[PDB]
Amino acid sequence: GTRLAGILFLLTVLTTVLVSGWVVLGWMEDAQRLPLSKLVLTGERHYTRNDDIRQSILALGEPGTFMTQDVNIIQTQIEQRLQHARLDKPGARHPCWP
Amino acid sequence: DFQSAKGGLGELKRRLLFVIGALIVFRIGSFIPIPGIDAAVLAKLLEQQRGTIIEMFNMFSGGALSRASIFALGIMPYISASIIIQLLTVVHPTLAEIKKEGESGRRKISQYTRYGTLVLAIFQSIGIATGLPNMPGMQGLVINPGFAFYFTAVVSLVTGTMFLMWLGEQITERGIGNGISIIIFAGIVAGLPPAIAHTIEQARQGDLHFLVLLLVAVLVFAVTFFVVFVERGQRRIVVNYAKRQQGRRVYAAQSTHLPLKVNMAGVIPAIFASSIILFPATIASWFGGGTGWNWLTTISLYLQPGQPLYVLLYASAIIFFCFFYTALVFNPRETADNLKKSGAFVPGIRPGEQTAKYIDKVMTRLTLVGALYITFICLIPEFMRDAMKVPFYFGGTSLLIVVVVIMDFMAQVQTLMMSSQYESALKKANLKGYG
Amino acid sequence: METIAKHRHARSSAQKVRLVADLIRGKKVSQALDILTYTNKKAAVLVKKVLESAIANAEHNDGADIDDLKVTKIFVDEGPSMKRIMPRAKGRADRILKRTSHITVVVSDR
Amino acid sequence: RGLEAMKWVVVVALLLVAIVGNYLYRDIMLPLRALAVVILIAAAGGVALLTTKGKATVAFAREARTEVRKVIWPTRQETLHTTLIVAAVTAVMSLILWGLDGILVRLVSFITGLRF
Amino acid sequence: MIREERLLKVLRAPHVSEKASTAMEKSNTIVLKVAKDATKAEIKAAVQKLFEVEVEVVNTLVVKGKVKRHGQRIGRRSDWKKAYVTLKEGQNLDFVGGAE
Amino acid sequence: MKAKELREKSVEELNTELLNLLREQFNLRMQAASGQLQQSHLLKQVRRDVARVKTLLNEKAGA
RNA sequence: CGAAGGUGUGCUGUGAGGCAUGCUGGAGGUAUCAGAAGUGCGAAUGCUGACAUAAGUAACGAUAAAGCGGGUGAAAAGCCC
Ligand SMILES: CCCCCC/C=C/CCCCCCCCCC(=O)O[C@@H](COC(=O)CCCCCCCCCCCCCCC)COP(=O)(O)OC[C@H](O)CO
Ligand SMILES: CCCCCC/C=C/CCCCCCCCCC(=O)O[C@H](COC(=O)CCCCCCCCCCCCCCC)COP(=O)(O)OC[C@H](O)CO
Ligand SMILES: CCCCCC/C=C\CCCCCCCCCC(=O)O[C@@H](COC(=O)CCCCCCCCCCCCCCC)COP(=O)(O)OC[C@H](O)CO
Ligand SMILES: CCCCCC/C=C\CCCCCCCCCC(=O)O[C@H](COC(=O)CCCCCCCCCCCCCCC)COP(=O)(O)OC[C@H](O)CO
Ligand SMILES: CCCCCCCCCCCCCCCCCC(=O)O[C@@H](COC(=O)CCCCCCCCCCCCCCC)COP(=O)(O)OCCN
Ligand SMILES: CCCCCCCCCCCCCCCCCC(=O)O[C@@H](COC(=O)CCCCCCCCCCCCCCC)COP(=O)(O)OCCN
Ligand SMILES: CCCCCCCCCCCCCCCCCC(=O)O[C@@H](COC(=O)CCCCCCCCCCCCCCC)COP(=O)(O)OCCN
Ligand SMILES: CCCCCCCCCCCCCCCCCC(=O)O[C@@H](COC(=O)CCCCCCCCCCCCCCC)COP(=O)(O)OCCN
Ligand SMILES: CCCCCCCCCCCCCCCCCC(=O)O[C@@H](COC(=O)CCCCCCCCCCCCCCC)COP(=O)(O)OCCN
Ligand SMILES: CCCCCCCCCCCCCCCCCC(=O)O[C@@H](COC(=O)CCCCCCCCCCCCCCC)COP(=O)(O)OCCN
Ligand SMILES: CCCCCCCCCCCCCCCCCC(=O)O[C@@H](COC(=O)CCCCCCCCCCCCCCC)COP(=O)(O)OCCN
Ligand SMILES: CCCCCCCCCCCCCCCCCC(=O)O[C@H](COC(=O)CCCCCCCCCCCCCCC)COP(=O)(O)OCCN
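Method of determination, as annotated in the archive: cryo-EM, at 7.1 Å resolution.

Q: With reference to specific residues and values, describe the site of ligand 12.
A: Residue and element names in this part refer to chain B. Near ligand 12 the following residues occur: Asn144, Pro145, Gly146, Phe147, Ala148, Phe151 and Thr152. One of the backbone N or O atoms of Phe147 is found 3.0 Å from an oxygen atom in ligand 12. Within the complex, 30% of the 1000 Å² of free accessible area of ligand 12 lies under protein.

Q: Summarise the site of ligand 8; cite the residues concerned and give the values.
A: All residues adjacent to ligand 8 are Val24 and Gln55 of chain A together with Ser66, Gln124 and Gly127 of chain B. One chain alone does not account for the residues near ligand 8; they come from chains A and B. Looking at side-chain class alone, the shell around ligand 8 contains one nonpolar, four polar and no charged residues.

Q: Let's hear about the packing of helix α4 (residues 76-91) of chain B against helix α5 (residues 103-131) of chain B: which residues, and what values?
A: All names here are of chain B. The interhelical angle for the contact between α4 and α5, taken along N-to-C directions, is 140°, at an axis separation of 8 Å. Put simply, α4 runs oblique to α5. Two packed elements cross with a definite hand, and for α4 against α5 that hand is right-handed. Judged by residue contacts, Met76, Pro77, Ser80, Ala81, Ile84, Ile85, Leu88 and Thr89 of α4 engage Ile109, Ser110, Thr113, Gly116, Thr117, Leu120, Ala121 and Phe123 from α5. For the contact of α4 with α5, the residue count by class is 10 nonpolar, six polar and no charged.

Q: Summarise the interface of chain A and chain B; cite the residues concerned and give the values.
A: Across the boundary between the two partners, chain A contributes 57 residues, which contact 100 residues of chain B. Counting each side, the surface lost to burial between chain A and chain B is near 7600 Å², with a carbon and sulfur contribution of 67%. When the area that chain A buries against chain B is broken down by residue, the three leading residues are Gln55, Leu58 and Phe66 of chain A, summing to 10%. At the boundary of chain A and chain B, one finds 20 residue pairs in polar contact.

Q: So what about the protein's contact with RNA strand G? Which residues, and what values?
A: Around RNA strand G, a shell composed of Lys427, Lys428, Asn430 and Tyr434 of chain B together with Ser13, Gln15, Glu78, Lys83, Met86, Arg88, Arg95 and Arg99 of chain C is seen. Backbone sugar and phosphate groups make up 61% of those atoms of RNA strand G lying within 4 Å of the protein. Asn430 of chain B places a side-chain nitrogen or oxygen 3.4 Å from a sugar or linking oxygen of RNA strand G. Taking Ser13 of chain C, its side chain carries an N or O atom lying 3.3 Å from a base oxygen of RNA strand G. Only β3 (69-89) and β4 (92-109) of chain C provide two or more residues apiece to the surface near RNA strand G. A per-element tally of the surface near RNA strand G places β3 of chain C first, with four residues. Class assignment of the residues belonging to the surface near RNA strand G gives a composition of two nonpolar, three polar and seven charged.

Q: Outline the packing of helix α12 (residues 358-366) of chain B against helix α4 (residues 64-72) of chain D, supporting the account with residue identities and numerical values.
A: Viewed as axis vectors pointing N to C, α12 of chain B and α4 of chain D meet at an angle of 75°, and their least axial separation amounts to 9 Å. Considering the angle they form, α12 of chain B stands roughly perpendicular to α4 of chain D. Residues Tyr358, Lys361, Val362, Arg365 and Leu366 of chain B of α12 of chain B form the contact with α4 of chain D, whose own contacting residues are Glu67, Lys70 and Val71 of chain D. For the contact of α12 of chain B with α4 of chain D, the residue count by class is four nonpolar, no polar and four charged.

Q: Quick rundown of the sheet that holds strand β1 (residues 11-14) of chain E? Include the residues and the values.
A: All names here are of chain E. Taken together, four strands build an open sheet; the order of strands is β1-β2-β5-β4 and the sheet is antiparallel. Edge strands, defined here as strands with exactly one partner in the open sheet, are β1 and β4 (59-63). Each strand of the sheet is rotated relative to its neighbour by a mean of 30°, with strand direction disregarded. Alignment of strand β2 (residues 31-34) against strand β5 (residues 80-84), held across four bridges, turns out to be antiparallel. Following the sheet pairing, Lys33 is matched in β5 by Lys82.

Basis of the calculations
- Residues numbered from 1 in each chain as written, not as in the entry; some residues may be left out.
- Chains lettered and ligands numbered in written order.
- Part of a larger assembly, values for the part shown.
- Heavy atoms only, no water.
- Near = heavy atom within 4 Å.
- Polar contact = N/O pair within 3.5 Å; in protein donor to acceptor, adjacent residues only side chain to side chain.
- Areas by Shrake-Rupley, 256 points an atom, 1.4 Å probe, with all protein chains shown as cover.
- Nonpolar A, V, L, I, M, F, W, Y, C, P; charged D, E, K, R; others polar.
- Axes fitted to C-alpha atoms, helices over the stretch in contact; angles between N-to-C directions.
- Helix = DSSP H or I, 4+ residues; strand = E, 2+ residues; numbered from the N terminus.
- Parallel < 35°, antiparallel > 145°, perpendicular 65-115°, else oblique.
- Left-handed = near helix turned anticlockwise from the far one by under 90°.
- Contact = heavy atoms within 4.5 Å.
- Buried area = accessible area lost by both parts, 1.4 Å probe.
- Pairing = 2+ DSSP bridges.

This is how it looks when you write it as structure tokens:
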């Protein structure tokens, strides 16, 4: 079947896939072993937040290709004819009757 | 555009229903917690700006098991919808529900392809929704007519998406691609970042508001210039017209023959650039050892483990992928040969084979218009003006997506306002086959 | 009326077309024109096209009724005689006329 | 004429003056262990191209000029200007959207995530 | 010199299209419309001095034109000559041949 | 036309017409005849310009 | 606000003809009196063009017979296979 179609799936998948694979690891890593509660203050926030934590990465377009073409020149059935005059009358007759 | 041709009787009283009942489509995604409410059209946490921090990678929009990003779940549902519309029409006269039935067949295949794509939409929510109630996202309470959790978590997330999906394959009577993508544009734009439009820090360029708004208007502009073909045949010059008379005198002038011609090169993807730059810098750095991304905040450049090496490799590949692939098995140009027997007399007829090694090398060497389209719209948030560590100084997937509907408005109206098509000059020519 | 159709300037023996004009005159449409499509001569299937065109003009465009349409008058008038030669014999040639007709159908109301 | 060659003119002006200046920029003229060998490398590459001039290496022009030059030619032929006027009604719309949105998303968030 | 510019005025159009003129450039030879010069020697020396093409046997053939059978007076297309110039080196990819 | 002819000089003009004909018209007329650079206005010029130079030579031995 | 011409009609003069008028026609035409003509046609085995007549008649060009099945096409005894 079409191979272009196969690529189309591959590209879309690939761009998303690299982000997702990376993302699960991605956090900021480090395996810190917890200073525990020895008073101090805990927790953090940011100003606003970018939604709740669920995967959204999004894509796609079209089957592609564009075309333009020209059309002109059609349709004639037309005549044109000629003729000319003539003359001819041969001999080969002897008119006597015996 | 939005159209109606919905199943059951009438189609002009389905138009009446359509606008009113679009309120109902918005309502059930937003509210009613029985088939879920989260993550399809409804944000559960107010306002906008990054929620993952402490990485260069997190500037792009990052993540941390699944990701902090605005709604439109997974990646699987919408992407496969247009692909299997294309795939079944071209490859399969057998085990397909159309053989291509015209405009009627465009809407027909979309219905069936929705079922074929529903299975794909399942898959991601299996992983997401077992992790989800142990972190943000948990609704307010789901009553649950079920008594399970195994299918129950999966179902709630999918259904919200499904409502939007159904209507989206209904509008596809006039059946072109870049349809799916528009529905998908809306969700990401609506949530992502105008609260401060470009984060300020009292620096060279980040010091004023509404900077981002200016940038978007050029990005559409490129896509609308894109549809222009490339043209130029042998073509000669126009010298003659002719009149109707019963004796003739002169006919023929301009004639256009297609070997195929450039159909545009960069076509199809709509978020492509942003992810390419991102991956090989990251994987070397800190899924390995090393460091290197975008850094600094000045016009000292940086931007050195990404940008133009992203282009060469990927760019070249994708554009040739268009030309080459299809050419081997099932291609526009097949179309040209049929449609131009009526061409005959002057530009050539039977020869050896029409075109040869000429068309081959042509599409190959080219590559330049593939560079132009791909680089110009994406370079804009990649460099911007500096190298700052606030958003839009590498990555720009947000501004790639939006452009698609914007283009539509002038193009689509011209086709709509008449029962259009073109051509009429033949009836199938009589065959003289010899030699 | 405005529902008519006619033909002009085509080669054909005009006398033979004349015979089948009379045959179907005043006998309405598609109930005596079915004769033509099942009988001798190519003159039959030549006037048939002129008939079903007048009918199609009393249907589409002007009018809308073809069961209230009768082929009132149908005839055919002598067309051009397009001069040509046959080299007859003995260096003497004699003119062949290429007979032509102007088929005239005039449908009106039934 | 200009269809049989292009690149040569712009090379010469830069070559005569630029090379010396390139070392200086951003306050370096000093050995960090030596440097100044940078002048030799800059000169050396220009030599190579110049002495191989006939159809000169990199892209070349024996037969390879016809390849690139005539897939460039039809593509840039078409009129940019005609498109441009039509386009600029879609452009102005786009701008509006990307400031608009924030209010609507915030509104729906409040009245969800709470159910009795 | 060996010849003037008016003995290098000998080409006004090639032939590079359709049967036995695309086929007989790919498979063999090269073919071009050679005005109406009526020489073979100066056409060999044309592709020496201009271009840099090397040739084998140069073949000359008169083309008597072809009918335009709708009259007015005489009609018909004008005379010209076709020549199979024949490559021995060059291997040109159309609209290349040499020029320094 | 006017000033063109008048500023011509024997030694000069001789070598200028060689350029005109060959590799400014030679290329042009071949390209144009195959539709690969067919621009009709360029054909009209060059042709009716190279002519001029030769005129002066047989008239008065250049300007 | 309808000429000449064409085509119907009425009237009138011994006649050659004239006048009026409807219609068609879409522009020019001309009282009166005098002068001057390539000045009036049915025939010349007249001349030229057109269209008849015989007649839907003779003939359809070799007595080296063709038949069938698919194909194309609006239609195949004749073409292609
Ligand atoms: C979003 C939409 C998708 C986009 C991406 C993919 C696009 C692909 C491009 C085009 C579509 C191609 C459709 C091909 C359909 C037919 C497949 C086929 O033919 O599969 C065969 C192999 O099956 C088997 O491996 C059965 C066991 C299979 C095990 C799993 C491996 C599957 C491999 C699939 C390869 C697909 C790509 C290549 C397609 C040519 C069937 O068995 P056979 O005995 O060989 O049949 C012989 C005769 O044909 C029928 O008697
Ligand atoms: C021919 C095509 C060229 C394309 C690229 C052109 C890039 C132009 C650069 C900048 C735009 C103009 C800037 C105007 C002056 C601004 C102030 C200034 O001069 O800034 C400097 C810019 O240096 C810098 O670009 C240092 C880095 C300069 C690198 C230049 C590299 C050129 C490479 C060309 C390679 C061949 C390309 C051939 C293409 C055909 C220093 O950087 P700042 O961050 O300010 O550091 C802070 C200051 O020390 C104190 O304030
Ligand atoms: C040309 C050779 C053949 C012909 C001449 C032969 C001459 C005789 C041969 C040899 C001479 C004896 C051996 C000399 C060895 C010199 C080694 C040397 O001195 O190498 C220096 C770097 O040279 C550098 O070209 C550093 C380069 C940095 C990257 C440059 C990237 C390209 C820039 C553009 C180049 C030109 C492009 C345009 C060309 C037309 C070492 O740099 P340091 O001072 O340590 O500072 C480095 C750090 O900043 C601090 O550690
Ligand atoms: C001393 C050395 C100094 C070096 C630095 C110099 C810097 C300034 C110089 C140059 C900058 C560009 C100025 C000219 C812009 C012209 C745009 C234009 O006019 O573009 C036209 C096309 O439209 C198009 O691109 C439509 C789009 C045109 C506008 C694009 C505007 C983009 C602006 C981006 C700005 C970003 C700033 C940072 C934001 C954070 C050009 O058409 P033509 O080729 O004429 O037509 C050809 C004919 O059809 C066929 O023959
Ligand atoms: C998630 C994405 C899934 C889809 C990926 C793309 C799918 C492309 C579609 C089809 C690929 C080929 C299927 C088998 C074809 C068998 C028949 C055939 O023609 O085989 C040819 C050999 O196969 C090919 O040529 C296939 C070429 C394209 C392959 C593209 C890669 C597919 C796999 C990609 C996996 C991911 C790679 C990731 C890398 C980082 C024969 O060689 P030939 O064409 O030269 O003809 C010889 C006789 N004259
Ligand atoms: C019945 C047939 C139909 C249903 C089939 C369902 C099952 C198969 C379907 C899909 C495969 C899903 C992925 C399986 C491999 C990866 C997950 C894994 O290895 O999980 C283990 C490891 O899990 C982890 O380390 C957490 C992260 C898991 C996801 C990792 C995704 C990596 C994606 C890489 C993409 C690379 C792309 C490269 C090209 C750009 C679980 O360990 P555990 O048993 O101790 O459970 C711990 C639970 N917290
Ligand atoms: C968007 C505006 C608001 C719309 C409101 C709709 C109200 C009902 C009106 C119309 C019915 C739905 C029309 C669209 C159907 C699209 C899918 C389709 O074509 O379905 C089948 C055809 O459907 C029809 O012809 C129309 C529906 C048949 C009759 C249904 C009767 C029961 C209706 C119950 C409505 C309950 C509403 C309750 C609201 C609270 C064919 O299926 P297939 O061949 O593609 O695939 C086979 C299955 N995999
Ligand atoms: C981007 C964000 C993250 C996304 C998600 C990332 C991926 C998910 C993360 C982590 C989870 C990874 C899961 C990996 C696959 C786990 C598969 C599993 O659990 O398999 C077990 C599943 O076990 C079962 O389900 C038990 C069997 C149930 C059978 C039910 C049907 C029986 C019907 C029989 C009918 C009669 C016979 C019919 C014969 C045809 C069996 O494993 P094992 O014991 O063989 O392995 C031992 C060595 N480690
Ligand atoms: C063959 C490597 C290909 C790398 C391609 C991406 C390059 C991006 C460019 C710049 C950003 C990354 C800079 C990395 C600097 C590395 C500095 C270094 O050598 O770090 C350590 C070594 O780092 C590495 O070896 C790099 C990481 C290796 C694992 C990941 C390999 C990814 C290969 C990707 C191939 C596909 C690329 C596709 C590009 C289109 C030093 O060793 P160590 O002290 O950690 O002790 C040894 C290890 N325990
Ligand atoms: C997109 C597809 C293609 C992917 C693969 C592309 C590969 C391109 C190859 C080379 C370009 C490398 C660009 C990245 C350079 C990263 C430099 C960097 O990260 O520098 C940091 C140090 O990183 C390292 O040491 C590891 C990475 C080194 C990469 C190679 C740098 C070469 C620089 C010139 C060396 C000249 C040696 C002269 C010897 C006398 C600086 O650390 P800092 O704390 O001072 O600054 C803040 C954090 N950036
Ligand atoms: C991008 C690859 C695409 C491949 C596509 C498939 C294969 C097709 C086959 C061949 C095409 C190969 C790509 C050609 C792209 C176009 C190149 C081009 O047009 O170059 C022009 C310009 O060429 C140049 O400017 C060449 C310059 C070479 C010297 C560079 C000096 C500066 C170096 C800076 C430092 C770099 C240091 C890197 C290492 C640290 C040619 O000029 P022209 O019109 O006059 O043509 C006749 C040339 N004799
Ligand atoms: C089985 C009885 C309970 C559920 C009845 C259906 C409720 C439909 C309402 C809303 C859909 C969203 C909530 C679904 C909750 C989870 C249901 C579930 O997981 O059912 C499973 C059984 O599901 C199946 O057997 C079928 C699964 C595939 C089809 C699911 C279709 C759901 C929607 C049907 C709508 C029909 C009417 C539409 C027009 C008004 C497991 O059974 P259980 O919940 O009773 O737990 C006991 C075992 N641990």
